[PDB]
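Dropping the structure in here first, questions after.
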């Protein structure tokens, strides 16, 4: 129940994956999980992020396939560098910095799973020239 | 032969079949496919600025980014837009009246126009209004006239008008 | 098979030792090592006089083992096929080898080369043009096998004495020289090969550069002891040297295939004597006056028009041609060997450009200390 | 928003005309059995 | 077979980070993976990268290992999330290329027919080159030369990925690498342009000098075919300035 | 339970397609691969067996996996036309099996040799010393005609099983026919 | 020979092939379970430099899904009321159209139950039209094999109260097929083209 002035060390390649995934799945509100680790309470660092195809159901927890996520994590461990899951990202063309009702529900499930599971709103359409 | 003939069964069942993984990907490709909004370019604002009317909503302006061949785009052309990508990603020709298209391209298998008798004068009227203008424009060029436009048929409800229309179709 | 082995142990001194090896190899079912033994016996210092008998024995052994190495067997039995020396049945022999080994390996394409070689020896009209073209048409997805490529290069080099290919025949002969590096054959025959290639360049028309043979040590050292006047003439064609006396001595030095085309030698050397001015002077002397042309080509005034015409056609000089002052503008788009021993000239010009660029960069920096400092 | 329903398939799917002019079909919510909903009856739809 | 390749500003930093993260325990200096992208109009582009731990031995350069099952699973996942992305080539660090590249290319070309090699200089930033592209051509070295490997460089240019301008501007936000300050910025444009021209042409002069000394093998058969025209092109004739004495000097004097 | 991770390097030399065994020696070695993989599967179906090649290449596609069909499919039509590179083959087998695997999984490399080899004695002794320093556990099984259990192979095995090692043996097979059950009888339960 | 390798691929390549459309279909059938935009097909036969489509959506939008990525235009003939993706903006699947308000159910009886026994008097005429209408329904294959296409237009004229309506419904019941009744005297509509 301690949340100070926390800061996220997001990586540039994580940004590039975000913009590429959003540019690919523009109107679909594509989903993903931000691969980060709580090195301490508030200095969270994210080095990598992945792109996952949103299922036809829409924004659902089962859309992020658990077996596929586990296999992806194992692939990262074997080749690359392992990294924990304490966050998520989502291209949000609908409206701005808030979460829809279903987004809140799936973030609540993520919060139950993880410790914080930060709710990150990235708007792929509003970011055009200077402000992402 | 058992190791020969049992093969010839199993691959044939597929061929046309087992053609699903890519159909699945294509419709998944559709699942994350961006749907690009469609308008008609009313006029070209500048060489890079083009005034386009959404078929329903307001006129926007968009701009080709690097290689969309802005020269071939014309006032009234069809292009695909996205409220996010800010540009035209590809261009698209026109339409063909689909409802009319199929009901005008579903002429049933008829018999020749020679299978109806007593209307040879009407047959040659159809020939010298349809075939003659396109086969021999040189004669009419020496004439120096435009070919006629249309012909009217009328009379008792039973004449063969539907047969003649279906035969020429 | 044991009976044939017993019969085959005779008909040669030292053969039964190899035949015992052959007996062991098929006892343990060896095919590749068997091909090496067959390779050793065929390349043994003997003429293989019993060509028909050994053909029957080899076909006997191969047909009852039916697992030998295909490409290497055909590489070896082809010696027996050529040695049998009867073209009417030799074509059937090559078809039989094709039927016995019809795989897409070196075997089939080698059989095609054998067909083409036979057509050269007799009947040079039946399938000669189709065969030679089809070899290259079938060397697809085969970048560096280099075995049958050398074969194809050899046939087409021997096809130089045919109307179809003269300049291309020289090109593939160079390809043979590159692909096979060691001598692997008498120096005198290579010197003869160098003589034929030299005559090919002299007689040819499109071979203006004709690189990899002008100053190539592999080709020149063959004739470094005999007919060095051929070495000098090719060097004249390379560096643009005229040596009209020596080149005329070249014309009647090797009378066959040179006497009729000595006029073509005149035109080519006049064509290629201007390149020495072209690269040495990077537009430093861009006024190619008639007197300068006369010094470079020792040609008359009326022939200058034809020479510069052919120069524009081939690609030596593409500049404007005047006649009030007779000035030829200098552009070259067909580079060739620049006598790498004389690379100091272009190195000096390049370092001159480096000094000029750096000096002007420093000068503008000196004029710009009021902004950049 | 609430709108009428048009028709349905054999059982699971429901082809519906909506006051948003919508050619609308949905899996009926788990709390609602297909028996209760009948053709030509107004049903509210959750925007999500 | 491709005409040219174009590298995005999208994978260069990803490869460098992959080098950094897997180099913690693997100090082989050799990082080998695959670059994924698309090839549409004789222009090849790279959109994704992946690194695999990779060890080497100097003995004939034939000692190595990879995780091909994991790498193949990555490709399936990448294609599933984005169908247009496909393996365009395989990359290796260590610009001093060794001999195992031919074996790696043979193994990975089952994913891409025109297998290409890419070298990323993680630590080196010599002048501005982030990476280099390599095409495998073993179809005879030349007309009259012996057999060789001869991995040539297909021309590579850094492309302009979309939607990354926002991120890069926010990232740097300190240098402003744009034409801002038109007069001063173009002066800097002239400065390093002369710096690049002087450095590269000096390298060409050094190569000509070293060819003259002959300590290194001479690839003259393409060197003089490409540099002779460069030298003889008549850009030194000043009589066209005489014909164009007012080339723009009229525009110079009106601007004054 | 003590689980075994085995990486097999199979001799795809130019001679392996000969018919010394009934189909071929290449198929006989393939039959040697799937029976030992079957035995690993019967011990525990999640035992993993992977393929390594040494015919101027190192096949890694068939990774350290329990499934055997990928080995059978990929090793089939291997085109046994190239040469043999013994020094590279076992070494790359070490690196490939050095990849991510359970620490409980016992590391073991098995080698199949069926053709005569022409390699330097000094180079292979240097490899044996290097593998001795690296504490490598490799057993080698021969097949068909060869200078079977040659001086290089005997010294290579002796270094890898000596100094109170596992005790893996190399069998001196008769040229041509061989009894694969007798070849793998000892290392399947002892070594 | 070469079977056991082929089919171990084939049966595996059969089942995995079909499973992914089973995945995909689901991934698009939930979208097909959530279509929201009517399909006012304004077609283009856009041959790729095959076809294409314009969909006037319910929310007054237009979506040019390329080459119609899911449904063949042979069955996707133009009209309205054919599934369109709410998110992918693609044609989803065909569905029944709208039967012109009045025609949806004007007086259509699903199945009449009146029997032929309760009518009579004109038995020669009723048997005549049964042979011309009912037999072309039950024994339609008899006419197909014979080669004579049965006539369709039967005009039953006579003063009211002669049992024409019962006979038509009784014949429809005997055919066990759909019966549609038209209120002829009220087809004269003031709206143009309404009738």
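In this document, chain identifiers A, B, C, D, E, F and G correspond to the written order of the chains, with residue numbering beginning at 1 in each.
Heads up, the rule we're going with is that a contact is a pair of C-beta atoms (placed from the backbone, for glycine too) under 8 Å apart; a residue touches a chain by one contact, two chains touch by 3 or more.
Annotation of subunit C and subunit D: not jointly contacted by any chain, touch as defined at the top.
Comparing per-chain C-alpha centres with the mean over every protein C-alpha atom, the closest match is chain E.
Here the spacing of subunit D and subunit G, counted between their Cα centres, is 22 Å.
Between subunit E and subunit G the centroid-to-centroid distance comes to 61 Å (mean Cα coordinates, whole Å). Distance from the subunit A centre to the subunit B centre is 45 Å, each centre being the mean of its Cα atoms. Subunit A and subunit C have CA centres that are 64 Å apart.
Residue positions 99-100 of subunit F are each in touch with at least two other chains. Shown for subunit A are the residues in touch with two or more other chains, namely 23-24, 27-28, 53, 56, 58, 78, 124, 128. Within subunit C, not a single residue touches two or more of the remaining chains.
By the touch rule above, subunit G contacts subunit B in their complex via residues 1-4, 6-7, 10-11, 13-14, 16-18, 20-21, 23-25, 27-28, 31, 41-46, 52, 54, 56, 60-65, 69-70, 77-79, 85, 87-90.
For subunit A in complex with subunit D, the residues that touch the partner chain are 58, 100-102. Those residues of subunit C that touch subunit F in the complex are listed here as 27-33, 67, 69. Across the interface of their complex, subunit A is touched by residues 48 of subunit D. Interface of subunit A with subunit G (complex): residues 27-29, 55-58.
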